[PDB]
Colleague: 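There's a structure below that I have some questions on.
Sequence lines set the chain letters: A, B, ... in the order given, protein chains first and strands last, and positions in each chain run from 1.
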Amino acid sequence: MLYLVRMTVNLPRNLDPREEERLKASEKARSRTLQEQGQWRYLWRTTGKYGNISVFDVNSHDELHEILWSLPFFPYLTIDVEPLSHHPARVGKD
Amino acid sequence: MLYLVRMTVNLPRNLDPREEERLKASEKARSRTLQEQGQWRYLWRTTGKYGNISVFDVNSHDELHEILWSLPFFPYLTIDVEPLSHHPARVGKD
Amino acid sequence: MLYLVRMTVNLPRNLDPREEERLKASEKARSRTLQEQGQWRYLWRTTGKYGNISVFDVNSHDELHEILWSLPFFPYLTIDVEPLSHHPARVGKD
Amino acid sequence: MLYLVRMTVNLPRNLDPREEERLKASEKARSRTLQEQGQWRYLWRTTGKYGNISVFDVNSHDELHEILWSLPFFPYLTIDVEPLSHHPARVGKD
Amino acid sequence: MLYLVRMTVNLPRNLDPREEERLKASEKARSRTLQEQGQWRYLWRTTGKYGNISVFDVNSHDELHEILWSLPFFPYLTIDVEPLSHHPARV
Amino acid sequence: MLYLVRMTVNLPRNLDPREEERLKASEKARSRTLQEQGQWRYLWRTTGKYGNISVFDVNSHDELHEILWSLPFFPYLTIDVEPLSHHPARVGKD
Amino acid sequence: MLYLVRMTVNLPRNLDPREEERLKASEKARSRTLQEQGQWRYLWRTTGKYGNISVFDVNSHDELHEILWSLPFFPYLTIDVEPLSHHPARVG
Amino acid sequence: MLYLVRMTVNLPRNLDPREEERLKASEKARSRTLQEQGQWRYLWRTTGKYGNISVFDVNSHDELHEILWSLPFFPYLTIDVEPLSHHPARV
Amino acid sequence: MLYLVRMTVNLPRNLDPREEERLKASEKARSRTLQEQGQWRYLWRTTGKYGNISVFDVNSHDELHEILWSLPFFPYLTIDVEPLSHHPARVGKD
Amino acid sequence: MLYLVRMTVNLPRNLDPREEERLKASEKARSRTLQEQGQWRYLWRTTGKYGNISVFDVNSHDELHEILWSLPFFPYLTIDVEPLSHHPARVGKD
Ligand SMILES: [Cl-]
Ligand SMILES: [Cl-]
Ligand SMILES: [Cl-]
Ligand SMILES: [Cl-]
Ligand SMILES: [Cl-]
Ligand SMILES: [Cl-]
Ligand SMILES: [Cl-]
Ligand SMILES: [Cl-]
Ligand SMILES: [Cl-]
Ligand SMILES: [Cl-]
Ligand SMILES: [Cl-]
Ligand SMILES: [Cl-]
Ligand SMILES: [Cl-]
Ligand SMILES: [Cl-]
Ligand SMILES: [Mg+2]
Ligand SMILES: [Mg+2]
Ligand SMILES: [Mg+2]
C-alpha cells in the first residue's frame with residue numbers, strides 16, 4: 001500500500017553540535033536501509049526546504065508507524081501521512 | 001524536472017449527463033497520452049476523494065502550465081503545484 | 001487495518017423531496033450492509049451536525065476508496081481519511 | 001455518553017531521562033485502569049505521530065475533564081474533545 | 001450538562017418571502033419554548049452578525065443533537081458545539 | 001456590556017513549585033474578586049483543557065483591558081475577545 | 001467605545017440594475033448620516049477591494065449592532081468586529 | 001498615504017528587568033516622536049492583547065519601512081501592513 | 001512605488017459567449033495600455049492557474065485602487081495587494 | 001524558469017553584534033553575486049518586515065534549491081517557492 005508522507009525537520013538550535021552530527025549520520029544510514037529494502041520507495045526534497053516529501057510502500061499502517069517512529073529524526077519531525085489509492089486512469093504500475 | 005501536483009475535481013451539478021460522461025472519457029484519454037509519453041510520471045487517487053496526486057516530469061514551468069490548461073477537466077480543477085528537488089540521501093533514481 | 005473517517009453531508013437545497021427520501025433510504029441500506037459485513041466497524045453522529053465519524057476496517061486503501069466512492073451520498077460528502085495504528089497501551093479490542 | 005478525543009504529546013527535550021521513563025510508565029498504568037474500567041472505551045495510535053485518537057464513555061463533561069486533567073501526560077498534551085451521538089443508521093455497538 | 005454552541009445563519013436569497021416570514025416565526029417560537037423549559041440556557045447575538053452564541057443545558061449529547069436538528073433553521077445553520085465543564089474557581 | 005472571552009493558559013515549565021502555587025493562588029483570588037463584584041459574570045472550564053470560556057460584564061473596552069491585564073495569569077494567556085449583543089429572541093437573563 | 005470594523009461587499013450578480021443603484025444610493029446616504037454624527041468615525045477602502053475598513057465610535061455593543069444591521073448593504077456584507085482600547089503610549 | 005498596521009509584541013522572557021524597562025521606555029519615546037511629527041497618525045490597543053492597531057501617514061513604502069525598522073521593539077514584533085485608499089463615501 | 005498584486009479570475013459560467021469574448025478582449029487591451037505606460041511593471045501567470053501575479057508601479061494607493069477598479073475583469077477577481085520597498089542589497093533595477 | 005520566492009528572516013536572538021554584522025555582510029555579498037550572474041533576477045523588501053520577495057531565473061529546481069541552501073541566512077529563513085509562467089498578455093520583459 002502506498003502513502004504520501006511529508007516530513008518537516010526542526011532540529012533544536014541548542015542541540016549539541018556533536019550529537020547533531022551523530023543524529024544526521026544515523027538518519028542517513030536508516031533511510032538508506034529503508035530505500036534499499038523498498039519500504040521507502042521515493043524520497044524527494046521540496047525545493048527551498050529542509051526535510052522531505054516521500055512515498056512509502058508498506059503492508060500496513062502499523063508497519064509505517066513503526067518505521068517512522070524508528071527514525072533518528074522522529075523527535076524533531078512534523079509528519080503528515082496521506083494514503084494513496086490506485087487511480088483508474090493510471091497507465092502502468094501504481 | 002519533477003513537480004508534485006494535487007488536483008481536486010468539482011464538476012458542475014448542472015452538467016448534462018451526456019456531456020459529463022464524454023468529458024470524463026476525454027480526460028481519461030488525455031491523461032493516458034500524457035502518461036504514455038512520460039510527462040505524467042505518477043498518478044494516484046486521493047483515497048476517499050475525487051482528485052489526484054501526481055508527479056509530472058517536464059522541462060519547464062510553461063510546459064507544465066500548457067499541459068494542465070489542456071486538460072478537459074481544467075475549468076473544474078483546483079490545482080496545487082510544488083517543485084521537487086533531489087534529496088541528498090536518495091538511494092537510486094529521483 | 002483501520003481508518004478514522006469523517007463525513008459531512010451537503011444535500012442540494014433543490015433536491016426533489018421524493019428523490020431525497022429515496023437517496024437517504026439507499027444510503028442507510030448501504031451502510032447497513034457494510035456494517036454487517038464488518039468493513040464499517042464503528043459509526044457515530046457528529047453531535048449538532050449532519051455527518052458522521054466512522055472507523056473503517058479494510059484490507060487496503062483501495063478497498064476503502066471503492067467503498068466510499070460507492071456510497072449513495074458520495075457526490076454530496078466532504079470526507080477526511082486518517083489511518084489508525086494499534087496503540088501499544090491498548091487494553092481490549094480495536 | 002461518548003466523546004472523540006484527540007491527544008498529541010510533546011514531552012520537553014530537557015526532561016530528565018529518569019523523570020521521562022517514570023512518566024511514561026505512570027501514563028500507561030493510568031490508561032490501563034481507565035480502559036479496564038470502561039471509561040476509556042477505544043484507544044488508537046495516530047499513524048506517524050506521537051498521539052492518540054480515543055473514545056471515552058463517561059457520565060458527564062465534568063467526569064471527562066477530571067480524567068484528562070489527571071493523566072500523567074496532561075501538562076504535555078494538546079487535546080481536542082468532540083461529543084459523539086448515536087447514529088440512527090448504526091447496526092451494532094457504539 | 002452544559003455546551004457552548006455557535007450558530008451562523010445563511011438563509012437562501014431565493015427563499016419565498018412568505019416562507020421566510022413563516023420560518024423566522026417558527027424558529028423564534030421554538031427558541032422561546034426551549035428557553036422557557038431551560039434547555040436553551042443563554043442566548044446572545046454576536047455583535048455585527050446574524051447568528052447566535054448560546055449555552056445549552058441538557059442531559060446527554062443525544063438530547064442536544066435532537067434539539068438542534070429540530071430547529072426550523074437547522075438546514076441553514078453552521079453549528080459549532082463545545083462541551084463546558086464546571087470551573088473550580090467559579091463563584 | 002457583554003464580552004465572550006476565551007483564555008488558554010501556558011505556564012512556564014521552569015517555575016519553582018512555590019512560585020507556581022502562589023501564581024495559581026493569586027489567580028484564583030483575583031477571579032473570585034471579579035466574580036463577586038459581577039464583572040466576571042460567567043466562568044466555565046473548557047472540557048479537557050487548561051483554560052476558560054467566560055462572559056465579562058463591564059462598562060468599556062478600556063475597563064475590560066485593565067481587568068484582563070490585571071490577572072496574575074495574563075503574561076501566560078492567549079486571549080480571544082468577542083463583543084456580545086442582546087438577542088431579540090432572548091427569554092430570560094443575559 | 002471604539003471598534004475596528006471590516007466589511008466586504010458581495011452584491012448578487014442577479015440584482016436588478018435599478019434596484020442596485022438605489023441600494024448603493026441608500027447605503028451612501030446612511031453612511032453619510034453616521035459619519036456626520038461621529039458614530040462612523042473613520043471610513044477607508046482597502047486598496048484593490050470592494051468594501052471598507054472602518055472605526056466606529058459608539059456607546060455600546062448593542063448600539064453598534066443596530067447600526068450595522070440597519071445598513072442597506074447588511075444582507076450582502078461579511079463583517080468582522082474588533083474592540084479597540086486606549087493605548088497608554090498614545091499622544092493627543 | 002495611509003496604512004493600517006497591526007503589531008503584536010513578543011518580548012524575550014530572558015530580558016533583564018532593567019534592560020526591559022529601558023527598552024520599553026525607548027519604544028514609548030520613539031512612538032511619541034513619530035506621533036508628534038504626524039507619521040504615526042492613530043495608535044490603539046488591541047483590547048485584551050499586547051499589541052497595537054495603528055494608522056501611519058507617510059509619503060512612500062520605503063519611508064514606512066524605515067520607520068518600522070527603527071522601532072526599538074522591531075526584532076520582537078509581528079507586523080501586518082495594509083494600504084488604505086480614500087473611500088468615495090467618506091464625508 | 002511598488003506593489004505585489006495577485007489576481008485570481010473567476011468568470012461566471014453563464015456569460016453569453018460574445019460578451020465573454022468582448023470582456024477578454026477589453027481586459028487584454030487595458031493591461032496592454034498599463035504595461036506600455038509602465039504602471040503595470042511586471043506580469044506573470046502562476047503555473048497551473050488562471051490568474052496573474054504582478055508588480056505595479058504607481059504614485060499612490062489611490063492610483064493603484066483606481067487602476068484595479070478600472071479593469072474589465074474587476075468584478076470577477078480575487079485580489080491581494082502588498083507593498084514592496086527598495087531592498088538595500090538590490091543590484092540592478094526594481 | 002522563473003520562480004517567485006518569499007523569504008522571512010528570523011535571526012537568533014543570541015547573535016552578538018559582530019556575529020550579526022558579519023552574517024549580514026556575507027548574505028549581502030552572496031546576493032550580489034547571484035544578482036550579477038543573473039540567477040537572482042528581482043529582489044524587493046517586504047515593507048515593514050525582515051524579509052524579501054524575489055524572482056529567481058534558473059535552469060532547474062535543483063539549481064534553485066542549491067542556491068537557496070547556499071545562502072548565509074538559510075538556517076534562519078522561512079521560504080515559499082512558486083513557479084511562474086509566461087503570461088499571454090505580457091508586453092515587456094519577464
Ligand atoms: Cl529529511
Ligand atoms: Cl495496520
Ligand atoms: Cl482525477
Ligand atoms: Cl518556464
Ligand atoms: Cl451520515
Ligand atoms: Cl498517547
Ligand atoms: Cl439566531
Ligand atoms: Cl483558567
Ligand atoms: Cl463599502
Ligand atoms: Cl451592549
Ligand atoms: Cl504596542
Ligand atoms: Cl489574468
Ligand atoms: Cl493614497
Ligand atoms: Cl532579506
Ligand atoms: Mg454586481
Ligand atoms: Mg468560464
Ligand atoms: Mg494580504
Colleague: Return the set of residues passing side-chain hydrogen bond (donor to acceptor under 3.5 Å, both in side chains) with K24(D) (not counting sequence neighbours), or none when no residue passes.
Modeller: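 Scan of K24(D) (side-chain hydrogen bond (donor to acceptor under 3.5 Å, both in side chains), adjacent residues dropped) gives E20(D).
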Colleague: For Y3(A), enumerate each residue passing the ring pair (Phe, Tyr, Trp, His ring centres under 6.0 Å) test, keeping only those at least two apart in sequence or located in another chain.
Modeller: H61(A), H61(C)
Colleague: Side-chain contact, heavy-atom cut-off 4.5 Å: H86(D) with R45(C)?
Modeller: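 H86(D) vs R45(C): side chains apart.
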Colleague: Could you work out, with side-chain hydrogen bond (donor to acceptor under 3.5 Å, both in side chains) as the rule, every residue matching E36(B), not counting sequence neighbours?
Modeller: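 Residues passing side-chain hydrogen bond (donor to acceptor under 3.5 Å, both in side chains) with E36(B): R32(B).
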Colleague: Taking atom NZ of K28(B) and atom OG1 of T33(B), what is their separation to the nearest 0.5 Å?
Modeller: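 Answer rounded to 0.5 Å: 13.0 Å.
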Colleague: Please list, chain by chain and in numerical order, all residues satisfying side chain to side chain contact (heavy atoms under 4.5 Å, CB included) with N14(J), sequence neighbours excluded.
Modeller: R13(A), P12(J)
Colleague: Residues in salt bridge (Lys or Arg N to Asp or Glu O under 4.0 Å) with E19(A), at least two apart?
Modeller: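 Scan of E19(A) (salt bridge (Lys or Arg N to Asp or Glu O under 4.0 Å), adjacent residues dropped) gives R22(A).
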Colleague: So, taking the atom named CG in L4(A) and the one named CG in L4(B), what distance separates them when rounded to the nearest 0.5 Å?
Modeller: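 Answer for the CG-CG pair, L4(A) versus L4(B), is 6.0 Å.
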Colleague: Side chains of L77(C) and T8(C): closer than 4.5 Å at any heavy-atom pair?
Modeller: no
Colleague: With sequence neighbours excluded, what pairs up with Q39(B) under the side chain to side chain contact (heavy atoms under 4.5 Å, CB included) test?
Modeller: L34(B), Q37(B), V58(B), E63(B), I67(B)
Colleague: For a 4.5 angstrom cut-off between non-hydrogen side-chain atoms, does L84(D) reach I53(C)?
Modeller: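 SC-SC contact between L84(D) and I53(C) confirmed.
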Colleague: Keeping to residues at least two apart or across chains, list the ring pair (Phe, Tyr, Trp, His ring centres under 6.0 Å) pairs with something in residues 24-58 of chain A.
Modeller: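 Output for this query lists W40(A)-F56(A), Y42(A)-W44(A), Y42(A)-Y42(B), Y50(A)-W69(J).
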Colleague: Go through the structure and list residues passing side chain to side chain contact (heavy atoms under 4.5 Å, CB included) with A29(A), not counting sequence neighbours.
Modeller: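 For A29(A) there are no side chain to side chain contact (heavy atoms under 4.5 Å, CB included) partners, ignoring immediate neighbours.
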Colleague: Do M1(B) and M1(J) make a side-chain contact, defined as non-hydrogen atoms from C-beta onward lying under 4.5 Å apart?
Modeller: yes
Colleague: Can you name the residues that form a side chain to side chain contact (heavy atoms under 4.5 Å, CB included) with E27(D), not counting sequence neighbours?
Modeller: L71(D), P72(D), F73(D)
Colleague: With a 4.5 Å cut-off on side-chain heavy atoms, are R41(A) and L2(A) touching?
Modeller: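 Contact flag for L2(A)/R41(A) side chains = yes.
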Colleague: Applying salt bridge (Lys or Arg N to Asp or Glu O under 4.0 Å), can you list everything that pairs with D94(A), at least two apart in sequence or on another chain?
Modeller: none
Colleague: Before giving the answer on side chain to side chain contact (heavy atoms under 4.5 Å, CB included), spell out for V55(B) and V5(B) the whole-Å C-alpha distance, their side-chain angles and the decisive distance to 0.1 Å.
Modeller: CA-CA 6 Å; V55(B) 176; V5(B) 181; over 6 Å; no
Colleague: Any side chain to side chain donor-acceptor pair (under 3.5 Å) pairs touching residues 70-84 of chain D, not counting sequence neighbours?
Modeller: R6(C)-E82(D), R30(D)-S70(D)
Colleague: If you look at every heavy atom in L43(A) and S54(A), which pair is closest and at what distance?
Modeller: CD1-OG, 3.4 Å
Colleague: For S85(A), which residues count as a side-chain hydrogen bond (donor to acceptor under 3.5 Å, both in side chains) partner, sequence neighbours excluded?
Modeller: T47(B), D62(C)
Colleague: I want to check something: taking the side chain as every heavy atom from C-beta on, are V81(A) and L64(A) in contact at a cut-off of under 4.5 Å?
Modeller: yes
Colleague: Do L68(B) and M7(B) come close enough that some side-chain heavy atom pair is under 4.5 Å?
Modeller: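 They are in contact (side-chain heavy atoms under 4.5 Å apart), so the answer is yes.
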Colleague: Could you tell me if the side chain of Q35(D) sits less than 4.5 Å from the side chain of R90(C), heavy atoms only?
Modeller: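 Yes; the side chains approach each other to less than 4.5 Å.
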